[PDB]
Structure formats: C-alpha cells, structure tokens
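Each residue takes its place number in the sequence, starting with 1. All ligand and atom numbering here is 1-based and tracks the order in the structure.
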Amino acid sequence: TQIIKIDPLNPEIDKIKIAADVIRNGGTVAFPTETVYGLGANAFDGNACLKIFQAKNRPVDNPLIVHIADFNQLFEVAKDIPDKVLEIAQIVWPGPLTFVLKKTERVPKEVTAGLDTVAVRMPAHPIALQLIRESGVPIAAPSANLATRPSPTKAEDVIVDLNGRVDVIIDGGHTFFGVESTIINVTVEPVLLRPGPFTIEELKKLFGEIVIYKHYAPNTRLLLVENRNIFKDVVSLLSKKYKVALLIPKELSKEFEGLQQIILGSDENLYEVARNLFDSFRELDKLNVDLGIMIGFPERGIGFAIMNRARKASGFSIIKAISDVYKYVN
Ligand SMILES: C[C@@H](O)[C@H](NC(=O)OP(=O)(O)OC[C@H]1O[C@@H](n2cnc3c(N)ncnc32)[C@H](O)[C@@H]1O)C(=O)O
Ligand SMILES: [Mg+2]
C-alpha cells in the first residue's frame, strides 16, 4: 500500500492525482472526510467496489455510500429526485448528510446490495472533494475500518487496519466530527436512518414531518450509564469487583483519580467527545481491563449521534437505575 501524506485543508493537487489515477484504474483508496475515513473505489465499477468488501471483510449485503463532488454527478447515480430534496441538497452539501434516493441503472449491485435505492453524500472535506473531482467518477465508500473494529478517525487507525489490504491510504490527519454522516431516507414520505453531525434540530426545520444482531466494537464489555446521578455509585459498585476503565469527560477526572480513565473531551464541547469517541473504544481494547464504563451525554446536537453510537457499542448495556447493573455483570 502507498501511504500518501496530504494536507487536509490545502491538499497538494499533484498528490491527490496519484490517488485519483488509482481510483480510475479500478483500485482502492482510503481517504479522510469530515465524518470518518472512507475506503473508496470507482462507484461505476462493481469489480473495483468488491475490493472494498474484500479489504474490510464486509458482508456483501451491507451497501456503500456514493460520494459525489458536484450536482452533475448526483444525476448520474440517482433519479426521480423530488424538487424539495434537490433544493435542500443544494444548501446542505458539501456536508455530513446522506440521502437515500432511487438509483439509476449505472449503479452496480455491489454498491447498493441489490436494493432499488442508493445512499449519496457530498463530503465537506477538501481531500475527499478533490479526490472525487480528479477521479472524474463518484466514489463508493463505507467507513475504512476492518469489520470488527471502530470506524477510523485518524490515519494511524486506517494504517493498522488496512495496510497491505488496499492500494492507497491518504494520511490526511484527524477527521473533523469523528462520527458517521446523518442518513435520511427521502424515497418514502422521510425517515432518519442514522443520526450524525447534521443534527435532528436542523433536519426537523428542513423536513418537518421527519420520522425518528451485529456486534459493535469494542470487544471488551462496555456499560453505558445514562443517568449521571448514579455514575459515582455504579463505579464504586463495580471497581470493587472488576478492573475497570472509565470513559468520561475531563470535568469528572478528579472524582475518579486512581482508576483507569479514557478522557473523551470536555462536557462543554460535545464535538470534542464525538471526535474522540471511536478511538476511545480502540483504546479500551488495548488496555487490559474487565470492562469499560462510559457516562452519558446530553442528547442535543451531535450528542444524539454520540449516544446512538455509544448504545450500539455497549450492546445496549444501558444503566438508568443502579439496579440495572444486575443485568450485565456479576
Ligand atoms: C466515509 C464516510 O462518508 C462514512 N461512510 C460510512 O460510514 O459508511 P458506512 O456506515 O460504513 O456504510 C454505509 C451505510 O450506509 C447505509 N446505506 C447505504 N445504502 C443504503 C440504502 N440504499 N438504504 C439504506 N441505508 C443505506 C447502510 O447503513 C450502510 O451500512 C459516512 O457516512 O460518514
Ligand atoms: Mg462502517
């Protein structure tokens, strides 16, 4: 694999071209976006897209998102787009919001898992936009992690996972938000399929009527304590019997000094917690602990997405009264 260091805010166009030539030749390129890194191929090339599933060991029926760099490309991959959706797409893109739309005949089965629909977004990241531009094709990509690991948000995550399994990794620094794009299905009348950095507060203003067995990393047991009023007591109860790690904001670090901590960022800046979330799950599994205990965060703004990912990551081990602890541990 060629690892290519490219400045994420002012990318060297000659370096972007090296990766774009790989895309056009049917090869795979991992690249940063504003959400998480993606592992991409030419969205029109179904054999090239199968290489993404081979690199990740991804089940073949989990479909990809097509990333576009302009509106001409939208109409190559999607059709029958309602006028209201088109007008909204023109004000939200580039940005961390993916639309599920009806596909065109040009989109391969490998991209859509055989579905009649295709998920599309225009990524708000200079490296991603310039890669797609220079490639001259939309780029299909899911998150760039190996199957059972958390979505990658910095180059080293992608390197550890995919080095030797993909043609190019673009080392483009840390992604901006750290959690995957919001996904809305606008082929039905519309449903929020995945919360993300494009918040439900903003969505509801644009789409008033919006409707709201996989194992998720980490492999270490992880409990999510939604009720902050019992957190100290859940930690007391469990740290007596287990070697624990606490996933907490920096404001609670002093209260638990002596226990292993993974600091997610500041309670006064949820974007920091979202930026650090998946890497805190990688750290948990590097440590040698019986279990992770994460505290909840407000479900406002990107909080909703943080908590969506945290619930999944915990296998829905949610603690709202301390007696809930019974259900998940001796
Ligand atoms: C690279 C960056 O753009 C990142 N992509 C990513 O994280 O994709 P990822 O979540 O691994 O895979 C694409 C997901 O997008 C959803 N998806 C794709 N096509 C769909 C369709 N036609 N209907 C419903 N959901 C779809 C599925 O949940 C599928 O698992 C992101 O969305 O921010
Ligand atoms: Mg993924």
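Residue-ligand proximity, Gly38 to ligand 1, at heavy-atom distances under 4.0 Å covers atoms 1 (C). Atoms of ligand 1 found under 4.0 Å from any heavy atom of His67 (numbered from 1 in listed order, with element): 1 (C), 2 (C), 3 (O). Residue-ligand proximity, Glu180 to ligand 1, at heavy-atom distances under 4.0 Å covers atoms 7 (O), 31 (C), 33 (O). If you number the atoms of ligand 1 from 1 as listed, the ones under 4.0 Å from a heavy atom of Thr35 come out as 2 (C), 3 (O), 4 (C), 31 (C), 33 (O). The distance from ligand 1 to the heavy atoms of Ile183 drops below 4.0 Å at these ligand atoms: 15 (O), 16 (C). The atoms of ligand 1 that sit less than 4.0 Å from any heavy atom of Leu64 are 18 (C), 19 (N).
The nearest heavy-atom contact from the protein to atom 32 (O) of ligand 1 is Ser181 OG, 2.7 Å. Scanning the protein for heavy atoms near atom 12 (O) of ligand 1, the closest one is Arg58 NH2, 3.1 Å. In terms of protein heavy atoms, atom 10 (O) of ligand 1 is closest to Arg194 NH1, 2.6 Å. Counting protein heavy atoms only, atom 25 (N) of ligand 1 is closest to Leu193 CD1, 4.0 Å.
Contacts between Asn185 and ligand 1, counted as non-hydrogen atom pairs separated by less than 4.0 Å, are absent for every part of the residue. Proximity of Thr112 to ligand 1, defined as any heavy-atom pair under 4.0 Å, is not found for any part of the residue. Both the backbone and the side chain of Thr117 come within contact range of ligand 1, each with a heavy atom under 4.0 Å. Looking at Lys214 against ligand 1, nothing comes within 4.0 Å, counting heavy atoms.
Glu34 and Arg121 are joined by a salt bridge, as a carboxylate oxygen and a charged side-chain nitrogen come within less than 4.0 angstrom of each other. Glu299 has a carboxylate O that lies under 4.0 Å from a charged side-chain N of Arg311, or vice versa, which qualifies the two as a salt bridge.
Between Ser143 and ligand 1, a contact under 3.5 Å exists for at least one N or O pair. For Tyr37, no nitrogen or oxygen atom sits less than 3.5 Å from a nitrogen or oxygen atom of ligand 1, counting backbone and side chain alike. Any N or O atom pair closer than 3.5 Å counts here, and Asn62 shares at least one such pair with ligand 1.
Not a single heavy atom of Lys103 sits under 4.0 Å from any atom of ligand 1. Not a single heavy atom of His125 sits closer than 4.0 Å to an atom of ligand 1.
Atom NZ of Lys204 sits in a sparse spot, with 12 or fewer heavy atoms from other residues, nucleotides or ligands closer than 6.0 Å. Within a 6.0 Å radius of CZ in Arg300, other residues, nucleotides and ligands contribute 12 heavy atoms or fewer.
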Test log, rule side-chain hydrogen bond (donor to acceptor under 3.5 Å, both in side chains), inputs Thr153 and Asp279: CA-CA 7 Å; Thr153 53; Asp279 281 355; 3.3 Å; yes
Stepwise, does the side-chain hydrogen bond (donor to acceptor under 3.5 Å, both in side chains) test hold for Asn62 with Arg58? CA-CA 7 Å; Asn62 191 3; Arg58 175 181 184 94; 3.2 Å; yes
Can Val100 and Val188 be said to form a side chain to side chain contact (heavy atoms under 4.5 Å, CB included), step by step? CA-CA 9 Å; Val100 176; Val188 291; over 6 Å; no
Passes side chain to side chain contact (heavy atoms under 4.5 Å, CB included), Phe44 versus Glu76? Steps please. CA-CA 10 Å; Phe44 298 131; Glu76 290 181 334; 3.5 Å; yes
Residues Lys51, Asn47; criterion side-chain hydrogen bond (donor to acceptor under 3.5 Å, both in side chains); working and verdict: CA-CA 7 Å; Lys51 300 181 183 179; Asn47 298 141; over 6 Å; no
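Here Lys79 contributes atom NZ and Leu74 contributes atom CG; the two are 13.0 Å apart, rounded to the nearest 0.5 Å. Distance check: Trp93 CH2 to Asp70 CG gives 11.0 Å after rounding to the nearest 0.5 Å. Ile319 CD1 to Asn227 CG: the interatomic distance, rounded to the nearest 0.5 Å, is 10.5 Å. Taking CZ of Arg165 as the start and CG of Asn57 as the end, the distance is 7.0 Å to the nearest 0.5 Å.
For the Mg ion (ligand 2), the nearby protein N/O/S atoms, meaning those under 2.8 Å, are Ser143 OG.
Looking at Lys327, its side chain never comes within 3.5 Å of a backbone N or O of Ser317 through a donor-acceptor pair. A donor-acceptor pair is defined here as one N or O able to donate and one able to accept, closer than 3.5 Å; such a pair exists between the side chain of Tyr37 and the backbone of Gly172.
In this comparison of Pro63, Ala140, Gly40, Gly114, the heavy atom closest to atom 26 (C) of ligand 1 sits on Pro63.
A side chain to side chain contact (heavy atoms under 4.5 Å, CB included) with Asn185 holds for exactly one of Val211, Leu192, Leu193; it is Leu193.
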